[PDB]
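Sequence order for the protein chains is B and A. Letter by letter, the first sequence follows residues 75 to 315, 333 to 359 in the authors' numbering. Letter by letter, the second sequence follows residues 75 to 315, 332 to 359 in the authors' numbering.
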Amino acid sequence: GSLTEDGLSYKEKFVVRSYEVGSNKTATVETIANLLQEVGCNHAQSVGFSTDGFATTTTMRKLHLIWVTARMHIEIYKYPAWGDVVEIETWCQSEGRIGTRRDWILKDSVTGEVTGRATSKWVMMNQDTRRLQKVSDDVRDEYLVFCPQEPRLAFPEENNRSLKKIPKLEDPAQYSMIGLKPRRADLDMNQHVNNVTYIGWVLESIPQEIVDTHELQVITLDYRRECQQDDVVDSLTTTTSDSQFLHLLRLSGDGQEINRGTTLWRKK
Amino acid sequence: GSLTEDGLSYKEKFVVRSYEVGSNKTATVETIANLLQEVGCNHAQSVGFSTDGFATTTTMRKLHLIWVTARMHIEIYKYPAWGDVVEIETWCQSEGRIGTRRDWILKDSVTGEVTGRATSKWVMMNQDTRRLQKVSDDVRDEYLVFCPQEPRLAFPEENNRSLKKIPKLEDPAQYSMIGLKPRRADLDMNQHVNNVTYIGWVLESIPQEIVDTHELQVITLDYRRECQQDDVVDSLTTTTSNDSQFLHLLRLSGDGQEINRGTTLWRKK
Ligand SMILES: COCC(=O)NCc1ccccc1
Ligand SMILES: COCC(=O)NCc1ccccc1
Ligand SMILES: COCC(=O)NCc1ccccc1
Ligand SMILES: COCC(=O)NCc1ccccc1
């Protein structure tokens, strides 16, 4: 991978692996999400950001400050097949005191056609108290030199799917998958559950009939609270309609919300 | 990746990804196992083997015959770090009517030093009845032309760890992790649980204290029965031992039907 000519974005190509594909012999949405994460990490490394905590600086490490994902939104037009090469371009942009936005464009390496796009919102917080904090000018100036100054949006539409408010699913859920627990392969280098595992858990409550007759087109996911490595999760889904679903991930005991989201599926 | 000059082995390089590493910032044993699987699949594809079923031919597909892993044995000297490049060489050799053996050598791309090795045993089975059956000369001849004829062993030693018999763990287990279920990311393109998920499930019952103070050196795993996508598994571990050794058992949560057994050897960091 490499930073582009103007140094304001980063590109990387990936060959889709045999264990990365589903029943259709095309990459899963979790494989796609892992690749967005990988290119995001390579972009931060390329410009000197910390190898201990994603997108942190010496200034943030002293203050025990981290960046956390608030929302992830992915739209796929064509899933690459096993053996195919996908090229991914990513860039970051400031969003004031609220936080930051990282966007991605996925392309077919051979044709050059856009096969997907993603956008994510990040907020700053103290890693110990878990309290959200406003980004100071000192922290802001550090990353602004690596962002384009004119708005570059993967989802430019005024009032598009990526910015829609997500409601809370009401009991009883139409479908559910309970007792979901993370194993060591679900944890990152800091022993935290990987953001991609939550996408998998959300999709666990979609009936196999939907998965067999449809392809996932859009997924929007809010990250409200972290699942600890010894927590147990219940994944809940209700049809709201193409097929549309409302999703809720909550702790198996007290029902504390960890994530909420929506999915849109297209008939094969 | 590519077949080597003589066409009797295959090499591929991989850059270790950020999500592929553990707390030590080095690749997990499941990341290593996924890469051995990937290079194994690329080698079969490079010489015309089926894209629907691993290492099958038109002859095998007609008879509903598949190859299944009976045993996997991995030894790691150094786990590659995030950003490092690992080069893997793999080859296959016939083992008579019993089945085949696929071996691997892992190397550091920069230094050229061997950082690991693996060996696996495969048996042929009817995919519908799940009945094992000896390999016929017709099936044998099809793959022999892609194998070296002189013995090429990743574990050459006459009485070595890769061929040791594994005993059945007796209750009560010293440690356990109960209620393990596969999710969709654990399934392959044919809806079967990925062979690597079983390695993860085995390791789920190792205490976190061992994982924090030791590094995994050797893992040997027998595959006895397949876990269906709606089965629930219990992972059991007992210490059998400077170095730490463990005996492992994976069985169905209800009736206790054995799916896997194995051993692990850990070295103090
Ligand atoms: C360390 O992560 C870097 C990154 O860019 N992450 C993207 C992502 C966010 C949420 C879900 C899936 C993927
Ligand atoms: C937390 O904000 C998202 C993010 O990726 N920030 C670091 C970064 C910004 C600009 C270029 C490269 C890396
Ligand atoms: C389709 O698999 C091709 C292959 O060579 N797999 C090796 C393997 C066997 C068991 C556990 C992990 C890896
Ligand atoms: C089932 O045995 C393991 C295996 O990988 N067989 C296929 C093969 C043999 C020789 C070269 C390349 C591919």
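Don't be surprised by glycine CBs; every beta carbon is placed ideally from N, CA and C.
Run down chain B in chain order and give the residues with a C-beta less than 7 Å from the C-beta of residue i.
| i | result |
| --- | --- |
| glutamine 265/A | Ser97 |
| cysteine 115/A | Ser92 |
| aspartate 333/A | Near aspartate 333/A there are no residues of chain B at all, since even the closest Cβ is about 21 Å away, more than 7 Å. |
Does chain A have any CB closer than 8 Å to the CB of residue i?
| i | result |
| --- | --- |
| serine 279/B | no |
| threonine 102/B | yes |
| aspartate 262/B | yes |
Check the C-beta distance from residue i over to residue j and give it rounded, since I have them as a contact under 8 Å.
| i | j | result |
| --- | --- | --- |
| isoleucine 106/B | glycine 190/B | 7 Å |
| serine 83/B | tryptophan 165/B | 4 Å |
| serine 183/A | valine 159/A | 4 Å |
| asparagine 268/B | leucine 261/B | 7 Å |
| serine 279/A | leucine 310/A | 6 Å |
| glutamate 161/B | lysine 181/B | 5 Å |
| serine 168/B | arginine 214/B | 7 Å |
| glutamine 111/B | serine 120/A | About 30 Å; that fails the 8 Å criterion. |
| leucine 277/A | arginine 176/B | Not really, about 33 Å apart at Cβ, beyond 8 Å. |
| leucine 342/A | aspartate 304/A | Going by Cβ atoms, the distance from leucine 342/A to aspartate 304/A rounds to 11 Å, so no, they are not a contact pair. |
Using a Cβ cut-off of 8 Å, pull out every chain A residue sitting near residue i, in sequence order please.
| i | result |
| --- | --- |
| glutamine 223/B | Per Cβ cutoff of 8 Å: no residues; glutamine 223/B is ~28 Å from chain A at best. |
| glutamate 112/B | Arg91, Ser92 and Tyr93 |
| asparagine 268/B | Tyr93 |
| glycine 253/B | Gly253 and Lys255 |
If we define contact as Cβ-Cβ less than 8 Å, is residue i a contact residue for chain B?
| i | result |
| --- | --- |
| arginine 298/A | no |
Among the options, which residue has its Cα nearest to the Cα of residue i?
| i | options | result |
| --- | --- | --- |
| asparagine 98/B | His288/B, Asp345/B, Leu340/B and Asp304/B | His288/B |
| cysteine 115/B | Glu161/A, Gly157/A and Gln119/A | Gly157/A |
| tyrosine 272/A | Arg145/A, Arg357/A, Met134/A and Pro225/A | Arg145/A |
| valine 103/B | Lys208/B, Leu295/B and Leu243/B | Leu295/B |
| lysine 255/B | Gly96/B, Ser168/B and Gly344/B | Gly344/B |
| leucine 139/B | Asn268/B, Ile150/B, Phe229/B and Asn200/B | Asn200/B |
| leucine 290/B | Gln335/B, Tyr297/B and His266/B | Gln335/B |
| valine 209/A | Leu218/A, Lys359/A and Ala192/A | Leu218/A |
| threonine 353/A | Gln111/A, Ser194/A, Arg235/A and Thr78/A | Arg235/A |
| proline 154/B | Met263/B, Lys358/B, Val95/B and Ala228/B | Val95/B |
| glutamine 223/B | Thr143/B, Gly170/B, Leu342/B and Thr313/B | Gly170/B |
| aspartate 308/B | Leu355/B, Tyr249/B, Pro281/B and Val285/B | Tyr249/B |
| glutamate 216/B | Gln265/B, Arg351/B and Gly122/B | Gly122/B |
| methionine 198/B | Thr131/B, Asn108/B, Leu109/B and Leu355/B | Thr131/B |
| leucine 109/B | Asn264/B, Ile148/B, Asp80/B and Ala247/B | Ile148/B |
| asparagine 332/A | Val188/A, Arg258/A, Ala129/A and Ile284/A | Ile284/A |
| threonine 312/A | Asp305/A, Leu340/A, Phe88/A and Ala118/A | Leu340/A |
| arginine 299/A | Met134/A, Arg176/A and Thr143/A | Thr143/A |
| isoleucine 150/B | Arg258/B, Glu79/B and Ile293/B | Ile293/B |
| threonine 100/B | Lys152/B, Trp141/B and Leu342/B | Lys152/B |
| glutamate 86/B | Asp177/B, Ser76/B and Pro281/B | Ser76/B |
| residue 324/A | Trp141/A, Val113/A and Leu237/A | Since the model of chain A passes from 315 to 332 in one step, residue 324/A is not part of what is shown. |
| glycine 127/A | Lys238/A, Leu355/A, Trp275/A and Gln265/A | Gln265/A |
| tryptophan 356/B | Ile349/B, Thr185/B and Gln282/B | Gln282/B |
| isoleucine 179/A | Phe220/A, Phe229/A, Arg204/A and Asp212/A | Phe229/A |
| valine 90/A | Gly81/B, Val113/B, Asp80/B and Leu206/B | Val113/B |
| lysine 239/B | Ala129/B, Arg351/B, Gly81/B and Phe88/B | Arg351/B |
| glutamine 302/A | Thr78/A, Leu237/A, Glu232/A and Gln347/A | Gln347/A |
| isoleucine 349/B | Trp275/B, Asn233/B, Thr193/B and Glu187/B | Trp275/B |
| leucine 206/B | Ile172/B, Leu237/B, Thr78/B and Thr185/B | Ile172/B |
| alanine 129/B | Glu163/B, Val188/B, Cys221/B and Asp202/B | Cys221/B |
Determine the chain A residues that contact residue i at a beta-carbon separation under 7 Å, and present them in chain order.
| i | result |
| --- | --- |
| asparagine 108/B | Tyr93 |
In chain B, which residues lie with their C-beta within 8 Å of the C-beta of residue i?
| i | result |
| --- | --- |
| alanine 259/A | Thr102, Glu104 and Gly274 |
What in chain A is Cβ-close to residue i, meaning under 9 Å?
| i | result |
| --- | --- |
| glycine 127/B | Neighbours of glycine 127/B on chain A: none; closest Cβ ~12 Å, over 9 Å. |
So if I measure from each beta-carbon to every heavy atom of ligand 1 and keep distances below 6 Å, which residues remain? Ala107/B, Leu110/B, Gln111/B, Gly114/B, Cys115/B, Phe128/B, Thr143/B, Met146/B, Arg176/B, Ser194/B, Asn269/B and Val270/B
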